[PDB]
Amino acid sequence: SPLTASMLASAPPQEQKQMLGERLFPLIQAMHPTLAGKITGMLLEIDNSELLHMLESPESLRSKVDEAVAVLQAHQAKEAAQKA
């Protein structure tokens, strides 16, 4: 399942995101099973070069996922509080 730049090359940008997402998802899911789809979607908006790096750097992925979880939680809780 290792991903190369050559695999991404000349493929539609949407499909590059799917390719990256398929590799990121099991890792992100391991970290936060209940948030896996959402956190992966958030991370997939990042530049592909940075995503490829994250796939090779567990600490980098961990840092970015920690950030996404904090951002997602705050967004959801703020929106709920506004309507409560």
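The first residue of the shown sequence is 1; numbering continues from there. By rigid core we mean the largest C-alpha set that fits within 1.5 Å across both forms.
- Between 12-20 and 65-73, the larger root mean square Cα shift in 4 other deposited structures of this protein, once each structure is superposed on the rigid core, falls on 12-20.
- Taking the mean C-alpha B-factor of each stretch as recorded, 5-13 and 71-79 are not equal, and the higher mean is that of 5-13.
- Per the PDB record, residue ranking by Cα B-factor puts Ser49 in the highest third of the chain.
- Among all modelled residues in this chain, the alpha-carbon of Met42 has a temperature factor (C-alpha) in the lowest third.
- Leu55: CA B factor lies in the highest third for its chain, per the PDB record.
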